[PDB]
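Participant: First, the structure itself, so that you have it in front of you.
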Amino acid sequence: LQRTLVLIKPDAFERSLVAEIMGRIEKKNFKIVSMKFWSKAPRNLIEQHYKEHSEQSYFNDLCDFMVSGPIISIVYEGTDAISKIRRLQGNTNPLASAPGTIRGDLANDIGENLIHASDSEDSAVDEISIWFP
Amino acid sequence: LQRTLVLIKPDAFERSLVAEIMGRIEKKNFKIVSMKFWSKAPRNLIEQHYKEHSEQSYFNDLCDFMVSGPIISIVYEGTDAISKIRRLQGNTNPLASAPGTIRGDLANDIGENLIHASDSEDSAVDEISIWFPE
Amino acid sequence: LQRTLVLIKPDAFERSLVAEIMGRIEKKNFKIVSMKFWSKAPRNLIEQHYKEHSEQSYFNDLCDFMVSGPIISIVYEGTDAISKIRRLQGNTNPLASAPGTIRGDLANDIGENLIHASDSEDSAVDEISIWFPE
Amino acid sequence: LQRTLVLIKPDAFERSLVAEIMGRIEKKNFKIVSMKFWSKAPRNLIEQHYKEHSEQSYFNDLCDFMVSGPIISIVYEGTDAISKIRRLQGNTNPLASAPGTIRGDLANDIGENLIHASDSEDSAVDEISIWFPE
Amino acid sequence: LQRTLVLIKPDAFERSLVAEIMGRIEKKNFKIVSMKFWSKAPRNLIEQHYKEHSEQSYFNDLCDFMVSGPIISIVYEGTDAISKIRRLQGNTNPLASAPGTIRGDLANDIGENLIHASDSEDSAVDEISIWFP
Amino acid sequence: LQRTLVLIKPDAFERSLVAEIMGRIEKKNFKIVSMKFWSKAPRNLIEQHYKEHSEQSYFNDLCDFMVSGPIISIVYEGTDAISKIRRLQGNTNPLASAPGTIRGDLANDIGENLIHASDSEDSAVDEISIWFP
Ligand SMILES: Nc1nc2c(ncn2[C@H]2C[C@H](O)[C@@H](COP(=O)(O)OP(=O)(O)O)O2)c(=O)[nH]1
Ligand SMILES: Nc1nc2c(ncn2[C@H]2C[C@H](O)[C@@H](COP(=O)(O)OP(=O)(O)O)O2)c(=O)[nH]1
Ligand SMILES: Nc1nc2c(ncn2[C@H]2C[C@H](O)[C@@H](COP(=O)(O)OP(=O)(O)O)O2)c(=O)[nH]1
Ligand SMILES: Nc1nc2c(ncn2[C@H]2C[C@H](O)[C@@H](COP(=O)(O)OP(=O)(O)O)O2)c(=O)[nH]1
Ligand SMILES: Nc1nc2c(ncn2[C@H]2C[C@H](O)[C@@H](COP(=O)(O)OP(=O)(O)O)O2)c(=O)[nH]1
Ligand SMILES: Nc1nc2c(ncn2[C@H]2C[C@H](O)[C@@H](COP(=O)(O)OP(=O)(O)O)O2)c(=O)[nH]1
Ligand SMILES: [Mg+2]
Ligand SMILES: [Mg+2]
Ligand SMILES: [Mg+2]
Ligand SMILES: [Mg+2]
Ligand SMILES: [Mg+2]
Ligand SMILES: [Mg+2]
């Protein structure tokens, strides 16, 4: 049993895909244990969330996008939730994400990619602490 | 432009219908203004929400059901959102709710009926204040 | 609590709509009590099922259609299942069946109308005995 | 057997609902006879299509909206296709369109209402001649 | 042209996924040629069905689960039905089943995995004989 | 940004899958820039479209199938549309097409395979010129 942190990104709101994305996770039998709606996430939480990318060329654009609309932060619980939801999510690169995955079916950009999911036990604990202190 | 209060009820969680219900409202182009997840809503909140039903025979059973699992409280915004979301919701009674509505397609019980939606401007203001006192 | 008899008709098989129809009933929380698949139902069974239509002009065409492909006979159980599944089914006439109903969304003919559902407690008992004599 | 003229309106493209709408008609077993994609329909065509509305206050806004993005014009064929597709379409007014209909499920505005469908045999002939003069 | 034996497992009934599963197979153009509903399958048919697993640690739990609710046994027919429906089914292990497969999208447990499908020509003939003697 | 040529094949019309197929592409955020409905495509356009296959054993059957019902020709536009829509399409061979792809989920024959999509920049330009001269 694990908990993982998911963000529904602003593009999902723009494209009316919030329920589509949450529903794929729900259908896999993962349970919501915490959830918050952000009309606009604070810049600082975004920058901490993506702190590992702070020196990357895309950092400012990434942060700007992430505050360009609402987000939902969700903690999901289930056996091996971290790796399983990562598999549902699909590759960051739209040249690679597989049909059947969230990004494979729905995302068409490396940045506007609909969903964040924690990538490891340690990052899940960190991200949960950021969004649900 | 109106705001209405929606509750996703514990049966929606039990039956894995949360996204199905939220998706129906989303597809109609209503926007989420506020949203809160409750692992278990306090009974007092439920009693306030349903204060008008306090003398009904089902009142205690209703409150028990509403604290039996999680709830999501959502404020939706849109033109005439109150009446429109009520029409999407469907009638309380499973003998009446129309196919095409949330309850008509998905609910089979008068109590376990998946979704609350404010029924008037007055009650919306009241219910939003209960679930989102801030 | 009631039991009703449903037939998935040969047009549902031809149009690959079997799961679509069954899924609508499943999503409403009705439970399967008995189910039988018929590669081709015996004409006598069809004539008994529709005995009340024996003097109608369409009777032979109706029987021909019903043996033209497979049928699934299902007994569903639930509170007020008979009237509820009738409302999900929709009116026989394509000029009347409502969007949101099975026939309203999917059927375009008065005869090739995808689904049978018992219309009363009396007929349910009768039809269940025809399809599930055991 | 009838033919009716359907327009998929620019809001359907903006909201990525083209296939959703076309799919509802397809699932009802109507057949496409002719179809044209317009990156932007000429304003004159729109004015002719809606000539009966020329004195209405919304006429210019309606024409502006109709040229604001792509349109697909489709001729559908089927028994009583005109009235049937009108029932699937749903009422113009978001306070009235029924859950289960295209507009009832998906449209939230009196103007941005996703779909046109001919309302009579006379208007179908007229509209088909506008969009498919050949 | 082949026939294969599918079981819709009790978890599909519990989670109201019977039509979802049958529909994926139907949409692939496979045809039902036989079908039976079991309110509760006889223990002995289950034990014969899974006879190869009789000495495995999970055997008793597997059999208990399989009689814990209804099942549907279905014979499907189509060109290369056996391998094709196996591909639709997805890996037994939820760490491996691919998004887009039945188990990949819907199952979250190695045991409660929604669907059985014959794995070979010989096992299909055997399983069909068990469920449709 | 690229344009690619898609054909919705006659089997999609027969099986009422036109919107299902177009919808998968629409949900991936590709935009229609040209589209024509053919009640019956001219034999010569089909033979030119598939000119590379003219000496293959299946050529006549392929062409006969392609004129056996309506088709829709569509030009889709988007970043890397050619490879992305090819990935959505899935392998020609039903023993290989992956669940989650159009063919993987819906097609059950090597010939009756629902959809054509250009396989390269050069073939896209050629096919667009055939269907939209
Ligand atoms: N424009 C651009 N954005 C990028 C690139 N790599 C990552 N990003 C953005 C989008 C990602 O969702 C986010 C975090 O990157 P990540 O942890 O490697 O990706 P992921 O866990 O969201 O799949 O940063 C990139 O190469 N280009
Ligand atoms: N068991 C039972 N419960 C009832 C009955 N009427 C109402 N309830 C419960 C379920 C309703 O969702 C809740 C509030 O009643 P309401 O305001 O008349 O209905 P609604 O706005 O949820 O459609 O009380 C009733 O007659 N029997
Ligand atoms: N061609 C034709 N067939 C008809 C007509 N009325 C009924 N039928 C056929 C189709 C019906 O499913 C079947 C039984 O008629 P019913 O009991 O009045 O309708 P229903 O309970 O299936 O809605 O007989 C009719 O008017 N014309
Ligand atoms: N803003 C506005 N637009 C309107 C109103 N009534 C009609 N329209 C626009 C939207 C309609 O799709 C179009 C044609 O009107 P119609 O023939 O009465 O409606 P309909 O056949 O599209 O349902 O004109 C109206 O009252 N207000
Ligand atoms: N708990 C548990 N159950 C298992 C394990 N391996 C197999 N099973 C159960 C679930 C399988 O559906 C069933 C038959 O095993 P199988 O033939 O290797 O799997 P499959 O053909 O259902 O994918 O036995 C296992 O390793 N642990
Ligand atoms: N019967 C048969 N038909 C074939 C075979 N290979 C190709 N075809 C037909 C179906 C294909 O959609 C069409 C073009 O072949 P292709 O370019 O290798 O396939 P694809 O780009 O449609 O996946 O020719 C084949 O091996 N057998
Ligand atoms: Mg990451
Ligand atoms: Mg109320
Ligand atoms: Mg009747
Ligand atoms: Mg009109
Ligand atoms: Mg096996
Ligand atoms: Mg090719």
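Each chain in the structure tokens gets a letter, A, B and so on, in the order shown; residues start at 1 in every chain, and ligands are counted from 1 in the order they appear.
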Mind fitting chain C to chain D by least squares on all Cα atoms in order and giving back the moved coordinates as a PDB file with C-alpha atoms, in the first residue's frame?
Facilitator:
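Result went into out06.pdb, see below:
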```pdb
ATOM      1  CA  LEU C   1     -37.169   8.018 -46.138  1.00  0.00           C
ATOM      2  CA  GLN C   2     -35.957  11.603 -45.631  1.00  0.00           C
ATOM      3  CA  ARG C   3     -32.825  13.684 -45.945  1.00  0.00           C
ATOM      4  CA  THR C   4     -31.967  16.402 -43.486  1.00  0.00           C
ATOM      5  CA  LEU C   5     -29.233  19.019 -43.315  1.00  0.00           C
ATOM      6  CA  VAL C   6     -26.988  19.132 -40.245  1.00  0.00           C
ATOM      7  CA  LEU C   7     -24.321  21.691 -39.410  1.00  0.00           C
ATOM      8  CA  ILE C   8     -21.605  20.998 -36.894  1.00  0.00           C
ATOM      9  CA  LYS C   9     -21.008  24.516 -35.573  1.00  0.00           C
ATOM     10  CA  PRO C  10     -17.736  26.278 -34.748  1.00  0.00           C
ATOM     11  CA  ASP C  11     -18.126  25.709 -30.998  1.00  0.00           C
ATOM     12  CA  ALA C  12     -18.004  21.952 -31.620  1.00  0.00           C
ATOM     13  CA  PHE C  13     -14.564  22.397 -33.143  1.00  0.00           C
ATOM     14  CA  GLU C  14     -13.379  24.694 -30.372  1.00  0.00           C
ATOM     15  CA  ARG C  15     -14.525  22.196 -27.727  1.00  0.00           C
ATOM     16  CA  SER C  16     -13.381  19.079 -29.611  1.00  0.00           C
ATOM     17  CA  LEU C  17     -16.941  17.719 -29.747  1.00  0.00           C
ATOM     18  CA  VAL C  18     -17.212  17.006 -33.466  1.00  0.00           C
ATOM     19  CA  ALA C  19     -16.949  13.220 -33.167  1.00  0.00           C
ATOM     20  CA  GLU C  20     -19.096  13.167 -30.051  1.00  0.00           C
ATOM     21  CA  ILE C  21     -21.943  14.841 -31.936  1.00  0.00           C
ATOM     22  CA  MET C  22     -21.502  12.912 -35.167  1.00  0.00           C
ATOM     23  CA  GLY C  23     -21.261   9.719 -33.133  1.00  0.00           C
ATOM     24  CA  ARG C  24     -24.647  10.271 -31.531  1.00  0.00           C
ATOM     25  CA  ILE C  25     -26.270  10.473 -34.943  1.00  0.00           C
ATOM     26  CA  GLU C  26     -24.202   7.541 -36.239  1.00  0.00           C
ATOM     27  CA  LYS C  27     -25.251   5.329 -33.309  1.00  0.00           C
ATOM     28  CA  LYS C  28     -28.901   5.990 -34.189  1.00  0.00           C
ATOM     29  CA  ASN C  29     -28.219   4.394 -37.577  1.00  0.00           C
ATOM     30  CA  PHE C  30     -28.483   7.443 -39.830  1.00  0.00           C
ATOM     31  CA  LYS C  31     -26.335   7.355 -42.941  1.00  0.00           C
ATOM     32  CA  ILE C  32     -24.186  10.141 -44.352  1.00  0.00           C
ATOM     33  CA  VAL C  33     -25.220  10.992 -47.943  1.00  0.00           C
ATOM     34  CA  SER C  34     -23.069  14.088 -48.459  1.00  0.00           C
ATOM     35  CA  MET C  35     -20.582  15.936 -46.273  1.00  0.00           C
ATOM     36  CA  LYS C  36     -18.478  19.063 -46.676  1.00  0.00           C
ATOM     37  CA  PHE C  37     -15.847  20.615 -44.402  1.00  0.00           C
ATOM     38  CA  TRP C  38     -15.590  24.411 -44.347  1.00  0.00           C
ATOM     39  CA  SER C  39     -12.502  25.992 -42.807  1.00  0.00           C
ATOM     40  CA  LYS C  40     -14.647  29.120 -42.739  1.00  0.00           C
ATOM     41  CA  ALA C  41     -18.078  29.279 -44.320  1.00  0.00           C
ATOM     42  CA  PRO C  42     -18.715  32.339 -46.488  1.00  0.00           C
ATOM     43  CA  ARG C  43     -20.849  34.869 -44.614  1.00  0.00           C
ATOM     44  CA  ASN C  44     -23.300  34.986 -47.516  1.00  0.00           C
ATOM     45  CA  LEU C  45     -24.007  31.280 -47.107  1.00  0.00           C
ATOM     46  CA  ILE C  46     -24.675  31.799 -43.398  1.00  0.00           C
ATOM     47  CA  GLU C  47     -26.999  34.722 -44.117  1.00  0.00           C
ATOM     48  CA  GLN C  48     -28.958  32.565 -46.563  1.00  0.00           C
ATOM     49  CA  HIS C  49     -29.076  29.629 -44.181  1.00  0.00           C
ATOM     50  CA  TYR C  50     -30.501  31.867 -41.471  1.00  0.00           C
ATOM     51  CA  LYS C  51     -32.452  34.233 -43.727  1.00  0.00           C
ATOM     52  CA  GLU C  52     -35.581  33.857 -41.576  1.00  0.00           C
ATOM     53  CA  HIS C  53     -33.659  35.427 -38.674  1.00  0.00           C
ATOM     54  CA  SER C  54     -32.483  38.495 -40.566  1.00  0.00           C
ATOM     55  CA  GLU C  55     -34.616  40.930 -38.538  1.00  0.00           C
ATOM     56  CA  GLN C  56     -33.761  39.377 -35.163  1.00  0.00           C
ATOM     57  CA  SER C  57     -31.521  41.266 -32.751  1.00  0.00           C
ATOM     58  CA  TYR C  58     -29.015  38.405 -32.665  1.00  0.00           C
ATOM     59  CA  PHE C  59     -28.678  38.078 -36.444  1.00  0.00           C
ATOM     60  CA  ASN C  60     -25.283  39.725 -36.821  1.00  0.00           C
ATOM     61  CA  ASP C  61     -23.875  38.008 -33.719  1.00  0.00           C
ATOM     62  CA  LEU C  62     -25.189  34.683 -35.068  1.00  0.00           C
ATOM     63  CA  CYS C  63     -23.481  35.228 -38.415  1.00  0.00           C
ATOM     64  CA  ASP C  64     -20.249  36.331 -36.726  1.00  0.00           C
ATOM     65  CA  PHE C  65     -20.283  33.199 -34.591  1.00  0.00           C
ATOM     66  CA  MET C  66     -20.963  30.917 -37.552  1.00  0.00           C
ATOM     67  CA  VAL C  67     -17.902  32.208 -39.428  1.00  0.00           C
ATOM     68  CA  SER C  68     -15.702  32.221 -36.310  1.00  0.00           C
ATOM     69  CA  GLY C  69     -14.363  28.719 -36.955  1.00  0.00           C
ATOM     70  CA  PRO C  70     -14.958  25.648 -39.094  1.00  0.00           C
ATOM     71  CA  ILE C  71     -18.293  24.074 -39.951  1.00  0.00           C
ATOM     72  CA  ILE C  72     -19.103  20.624 -41.253  1.00  0.00           C
ATOM     73  CA  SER C  73     -22.279  20.409 -43.344  1.00  0.00           C
ATOM     74  CA  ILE C  74     -23.789  16.921 -43.543  1.00  0.00           C
ATOM     75  CA  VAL C  75     -26.800  15.468 -45.290  1.00  0.00           C
ATOM     76  CA  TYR C  76     -28.189  12.551 -43.280  1.00  0.00           C
ATOM     77  CA  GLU C  77     -30.676  10.037 -44.600  1.00  0.00           C
ATOM     78  CA  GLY C  78     -33.097   7.762 -42.770  1.00  0.00           C
ATOM     79  CA  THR C  79     -36.771   7.150 -42.110  1.00  0.00           C
ATOM     80  CA  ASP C  80     -38.258  10.345 -40.624  1.00  0.00           C
ATOM     81  CA  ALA C  81     -34.698  11.663 -40.276  1.00  0.00           C
ATOM     82  CA  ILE C  82     -35.795  15.281 -39.972  1.00  0.00           C
ATOM     83  CA  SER C  83     -37.924  15.007 -36.824  1.00  0.00           C
ATOM     84  CA  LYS C  84     -35.740  12.307 -35.314  1.00  0.00           C
ATOM     85  CA  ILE C  85     -32.504  14.266 -35.551  1.00  0.00           C
ATOM     86  CA  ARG C  86     -34.333  17.330 -34.223  1.00  0.00           C
ATOM     87  CA  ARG C  87     -35.253  15.306 -31.123  1.00  0.00           C
ATOM     88  CA  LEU C  88     -31.645  14.167 -30.692  1.00  0.00           C
ATOM     89  CA  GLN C  89     -30.485  17.774 -31.097  1.00  0.00           C
ATOM     90  CA  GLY C  90     -32.550  19.167 -28.248  1.00  0.00           C
ATOM     91  CA  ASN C  91     -34.154  22.539 -27.654  1.00  0.00           C
ATOM     92  CA  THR C  92     -32.295  25.775 -28.494  1.00  0.00           C
ATOM     93  CA  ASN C  93     -32.690  27.109 -24.965  1.00  0.00           C
ATOM     94  CA  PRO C  94     -30.303  25.727 -22.321  1.00  0.00           C
ATOM     95  CA  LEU C  95     -33.129  26.090 -19.778  1.00  0.00           C
ATOM     96  CA  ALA C  96     -35.159  23.546 -21.759  1.00  0.00           C
ATOM     97  CA  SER C  97     -32.936  21.135 -23.693  1.00  0.00           C
ATOM     98  CA  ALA C  98     -33.267  17.706 -22.133  1.00  0.00           C
ATOM     99  CA  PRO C  99     -30.480  15.623 -20.600  1.00  0.00           C
ATOM    100  CA  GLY C 100     -29.833  12.880 -23.140  1.00  0.00           C
ATOM    101  CA  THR C 101     -29.978  15.268 -26.086  1.00  0.00           C
ATOM    102  CA  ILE C 102     -26.918  16.774 -27.746  1.00  0.00           C
ATOM    103  CA  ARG C 103     -27.662  20.264 -26.490  1.00  0.00           C
ATOM    104  CA  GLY C 104     -29.018  18.976 -23.171  1.00  0.00           C
ATOM    105  CA  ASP C 105     -25.783  17.161 -22.361  1.00  0.00           C
ATOM    106  CA  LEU C 106     -23.256  19.436 -24.023  1.00  0.00           C
ATOM    107  CA  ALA C 107     -24.519  22.959 -24.789  1.00  0.00           C
ATOM    108  CA  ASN C 108     -24.770  25.735 -22.209  1.00  0.00           C
ATOM    109  CA  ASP C 109     -25.684  28.737 -24.342  1.00  0.00           C
ATOM    110  CA  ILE C 110     -28.583  29.743 -26.563  1.00  0.00           C
ATOM    111  CA  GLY C 111     -26.213  30.787 -29.358  1.00  0.00           C
ATOM    112  CA  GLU C 112     -23.224  28.480 -28.960  1.00  0.00           C
ATOM    113  CA  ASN C 113     -25.367  25.407 -29.275  1.00  0.00           C
ATOM    114  CA  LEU C 114     -23.136  23.032 -31.274  1.00  0.00           C
ATOM    115  CA  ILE C 115     -25.496  21.794 -33.951  1.00  0.00           C
ATOM    116  CA  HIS C 116     -27.995  22.830 -36.582  1.00  0.00           C
ATOM    117  CA  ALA C 117     -30.638  20.427 -37.910  1.00  0.00           C
ATOM    118  CA  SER C 118     -33.345  21.180 -40.492  1.00  0.00           C
ATOM    119  CA  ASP C 119     -36.775  21.565 -38.867  1.00  0.00           C
ATOM    120  CA  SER C 120     -39.064  20.536 -41.739  1.00  0.00           C
ATOM    121  CA  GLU C 121     -39.166  18.887 -45.140  1.00  0.00           C
ATOM    122  CA  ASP C 122     -39.407  22.314 -46.766  1.00  0.00           C
ATOM    123  CA  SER C 123     -36.416  23.766 -44.902  1.00  0.00           C
ATOM    124  CA  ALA C 124     -34.356  20.619 -45.441  1.00  0.00           C
ATOM    125  CA  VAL C 125     -34.722  20.944 -49.222  1.00  0.00           C
ATOM    126  CA  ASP C 126     -33.824  24.614 -48.954  1.00  0.00           C
ATOM    127  CA  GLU C 127     -30.795  24.104 -46.677  1.00  0.00           C
ATOM    128  CA  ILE C 128     -29.444  21.147 -48.640  1.00  0.00           C
ATOM    129  CA  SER C 129     -29.558  23.348 -51.750  1.00  0.00           C
ATOM    130  CA  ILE C 130     -27.588  26.075 -49.944  1.00  0.00           C
ATOM    131  CA  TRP C 131     -24.797  23.826 -48.679  1.00  0.00           C
ATOM    132  CA  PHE C 132     -24.818  21.339 -51.562  1.00  0.00           C
ATOM    133  CA  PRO C 133     -25.918  23.344 -54.624  1.00  0.00           C
ATOM    134  CA  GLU C 134     -24.596  20.633 -56.968  1.00  0.00           C
TER     135      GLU C 134
END
```
Participant: Apply DSSP to the structure's backbone, then extract all residues of stretch 4-118 of chain F labelled helix (DSSP H, G or I) and return them as a PyMOL selection string.
Facilitator: chain F and resi 10-14+18-27+43-49+51-53+59-66+81-89+102-106
Participant: To check your reading of the model: which residues sit at most 10 Å from ligand 1 when counting only C-alpha atoms and all ligand atoms? Write the answer as number ranges by chain.
Facilitator: A: 7, 9, 49-54, 56-63, 65-66, 86, 89-93, 97, 103, 109-119
Participant: Output N, CA and C atoms of each residue in that selection to a file, as a compact mmCIF listing (two decimals), in the first residue's frame.
Facilitator:
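Result file out.txt:
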```txt
# COMPACT_ATOMS: atom_id res chain seq x y z
N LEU A 7 -1.00 15.74 -9.82
CA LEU A 7 -1.55 17.05 -10.16
C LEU A 7 -2.30 16.95 -11.48
N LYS A 9 -3.26 19.16 -14.36
CA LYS A 9 -2.64 20.40 -14.83
C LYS A 9 -3.62 21.35 -15.52
N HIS A 49 7.80 22.22 -6.07
CA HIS A 49 7.37 20.96 -6.66
C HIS A 49 8.34 20.52 -7.75
N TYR A 50 8.77 21.47 -8.57
CA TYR A 50 9.64 21.18 -9.70
C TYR A 50 11.07 21.66 -9.46
N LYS A 51 11.47 21.69 -8.19
CA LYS A 51 12.78 22.24 -7.82
C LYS A 51 13.95 21.58 -8.55
N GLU A 52 13.82 20.31 -8.90
CA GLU A 52 14.88 19.59 -9.60
C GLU A 52 15.12 20.15 -11.00
N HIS A 53 14.12 20.86 -11.53
CA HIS A 53 14.19 21.38 -12.89
C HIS A 53 14.56 22.86 -12.92
N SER A 54 14.93 23.41 -11.77
CA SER A 54 15.10 24.86 -11.66
C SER A 54 16.17 25.45 -12.58
N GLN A 56 16.90 24.11 -15.63
CA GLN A 56 16.61 23.66 -16.99
C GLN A 56 16.05 24.81 -17.83
N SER A 57 16.25 24.73 -19.15
CA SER A 57 15.86 25.83 -20.04
C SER A 57 14.37 26.10 -19.99
N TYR A 58 13.59 25.06 -19.71
CA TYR A 58 12.13 25.16 -19.74
C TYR A 58 11.50 25.54 -18.41
N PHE A 59 12.31 25.75 -17.38
CA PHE A 59 11.77 25.97 -16.04
C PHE A 59 10.77 27.13 -15.95
N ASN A 60 11.13 28.29 -16.48
CA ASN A 60 10.24 29.44 -16.35
C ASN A 60 8.94 29.20 -17.12
N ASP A 61 9.04 28.59 -18.30
CA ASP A 61 7.85 28.29 -19.08
C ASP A 61 6.98 27.26 -18.37
N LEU A 62 7.63 26.28 -17.75
CA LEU A 62 6.92 25.25 -17.00
C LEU A 62 6.14 25.87 -15.86
N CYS A 63 6.80 26.73 -15.09
CA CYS A 63 6.13 27.37 -13.97
C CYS A 63 5.01 28.32 -14.42
N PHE A 65 3.23 28.06 -17.17
CA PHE A 65 2.11 27.19 -17.57
C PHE A 65 1.35 26.69 -16.35
N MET A 66 2.08 26.27 -15.32
CA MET A 66 1.45 25.65 -14.16
C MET A 66 0.61 26.61 -13.33
N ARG A 86 2.13 6.00 -12.58
CA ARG A 86 3.12 6.41 -13.57
C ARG A 86 2.93 5.70 -14.91
N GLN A 89 0.01 7.17 -16.67
CA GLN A 89 0.32 8.52 -17.13
C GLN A 89 0.92 8.56 -18.53
N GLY A 90 1.95 7.75 -18.75
CA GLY A 90 2.62 7.72 -20.03
C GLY A 90 3.81 8.66 -20.10
N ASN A 91 4.65 8.42 -21.10
CA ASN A 91 5.90 9.15 -21.28
C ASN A 91 5.67 10.65 -21.47
N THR A 92 6.61 11.45 -20.99
CA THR A 92 6.53 12.91 -21.12
C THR A 92 6.49 13.34 -22.58
N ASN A 93 7.25 12.62 -23.41
CA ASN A 93 7.44 12.98 -24.81
C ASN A 93 6.34 12.39 -25.68
N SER A 97 4.81 8.45 -25.80
CA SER A 97 3.74 7.97 -24.93
C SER A 97 2.82 7.01 -25.68
N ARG A 103 -1.40 10.30 -21.42
CA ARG A 103 -0.71 11.17 -22.35
C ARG A 103 -0.72 10.62 -23.77
N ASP A 109 1.80 17.46 -26.46
CA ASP A 109 2.89 18.40 -26.24
C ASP A 109 3.73 17.94 -25.05
N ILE A 110 5.02 18.23 -25.09
CA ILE A 110 5.93 17.78 -24.03
C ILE A 110 5.69 18.54 -22.72
N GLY A 111 5.19 19.77 -22.83
CA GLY A 111 4.90 20.60 -21.67
C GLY A 111 3.43 20.54 -21.26
N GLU A 112 2.54 20.76 -22.21
CA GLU A 112 1.11 20.67 -21.93
C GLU A 112 0.72 19.20 -21.96
N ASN A 113 0.96 18.53 -20.83
CA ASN A 113 0.88 17.07 -20.77
C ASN A 113 -0.05 16.54 -19.69
N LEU A 114 -0.97 17.41 -19.25
CA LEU A 114 -2.19 17.06 -18.51
C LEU A 114 -2.09 16.64 -17.05
N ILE A 115 -1.06 15.87 -16.72
CA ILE A 115 -1.00 15.24 -15.41
C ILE A 115 0.43 15.10 -14.90
N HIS A 116 0.60 15.38 -13.61
CA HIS A 116 1.81 15.01 -12.89
C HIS A 116 1.53 13.81 -11.99
N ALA A 117 2.49 12.90 -11.86
CA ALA A 117 2.40 11.83 -10.87
C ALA A 117 3.80 11.61 -10.26
N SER A 118 3.87 11.45 -8.94
CA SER A 118 5.16 11.19 -8.27
C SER A 118 5.90 10.03 -8.91
N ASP A 119 7.23 10.12 -8.99
CA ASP A 119 7.96 9.07 -9.69
C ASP A 119 8.66 8.05 -8.80
```
Participant: Counting only C-alpha atoms, which residues of chain F fall within 12 Å of chain C, and what is the closest atom pair for each with its distance in Å at one decimal, ordered by chain and rising number, as JSON lines?
Facilitator:
```
{"residue": "F:13", "atom": "CA", "partner": "C:15", "partner_atom": "CA", "distance": 11.8}
{"residue": "F:14", "atom": "CA", "partner": "C:15", "partner_atom": "CA", "distance": 9.4}
{"residue": "F:15", "atom": "CA", "partner": "C:15", "partner_atom": "CA", "distance": 7.2}
{"residue": "F:16", "atom": "CA", "partner": "C:15", "partner_atom": "CA", "distance": 8.3}
{"residue": "F:17", "atom": "CA", "partner": "C:15", "partner_atom": "CA", "distance": 10.8}
{"residue": "F:106", "atom": "CA", "partner": "C:16", "partner_atom": "CA", "distance": 11.6}
```
Participant: Any chance you could export the current selection's N, CA, C and O atoms as a compact mmCIF listing (two decimals), in the first residue's frame?
Facilitator:
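Below is the file out.txt, written as the result:
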```
# COMPACT_ATOMS: atom_id res chain seq x y z
N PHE F 13 -17.55 2.45 -41.90
CA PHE F 13 -18.94 2.80 -42.17
C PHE F 13 -19.86 1.62 -41.88
O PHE F 13 -20.88 1.77 -41.22
N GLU F 14 -19.49 0.44 -42.38
CA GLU F 14 -20.29 -0.76 -42.15
C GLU F 14 -20.51 -1.04 -40.66
O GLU F 14 -21.60 -1.47 -40.26
N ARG F 15 -19.49 -0.79 -39.85
CA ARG F 15 -19.54 -1.13 -38.43
C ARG F 15 -19.86 0.08 -37.54
O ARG F 15 -19.79 -0.03 -36.32
N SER F 16 -20.21 1.20 -38.16
CA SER F 16 -20.61 2.40 -37.43
C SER F 16 -19.52 2.88 -36.48
O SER F 16 -19.78 3.25 -35.32
N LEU F 17 -18.29 2.89 -36.98
CA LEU F 17 -17.12 3.28 -36.18
C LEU F 17 -16.46 4.56 -36.68
O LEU F 17 -15.34 4.87 -36.28
N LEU F 106 -10.07 -2.36 -32.26
CA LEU F 106 -11.26 -2.43 -33.09
C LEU F 106 -11.18 -3.28 -34.35
O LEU F 106 -12.22 -3.72 -34.85
```
Participant: Which distance in Å separates atom CA of residue A:31 and atom CA of residue A:78, to one decimal?
Facilitator: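 Pair atom CA of residue A:31 / atom CA of residue A:78 returns 6.7 Å.
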Participant: Contacts of residue F:108 at 7 Å or less, counting only C-alpha atoms, minus same-chain residues fewer than 2 places along, as a list in words?
Facilitator: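 Non-adjacent residues within range: residues 28 and 29 of chain E; 94 and 106 of chain F.
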Participant: Using the selection just defined, write its residues with N, CA, C and O atoms as a short mmCIF file (atom, residue, chain, number, x, y, z; two decimals), in the first residue's frame.
Facilitator:
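Written out: again.cif:
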```
data_model
loop_
_atom_site.label_atom_id
_atom_site.label_comp_id
_atom_site.auth_asym_id
_atom_site.auth_seq_id
_atom_site.Cartn_x
_atom_site.Cartn_y
_atom_site.Cartn_z
N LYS E 28 -14.03 -5.75 -30.80
CA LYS E 28 -12.95 -6.35 -31.58
C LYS E 28 -13.51 -7.33 -32.61
O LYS E 28 -12.76 -7.93 -33.39
N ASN E 29 -14.84 -7.48 -32.62
CA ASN E 29 -15.56 -8.26 -33.63
C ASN E 29 -15.57 -9.77 -33.38
O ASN E 29 -15.79 -10.57 -34.30
N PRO F 94 -3.33 -7.98 -37.27
CA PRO F 94 -4.12 -8.05 -36.03
C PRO F 94 -3.47 -8.93 -34.97
O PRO F 94 -3.92 -8.94 -33.82
N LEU F 106 -10.07 -2.36 -32.26
CA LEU F 106 -11.26 -2.43 -33.09
C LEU F 106 -11.18 -3.28 -34.35
O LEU F 106 -12.22 -3.72 -34.85
#
```
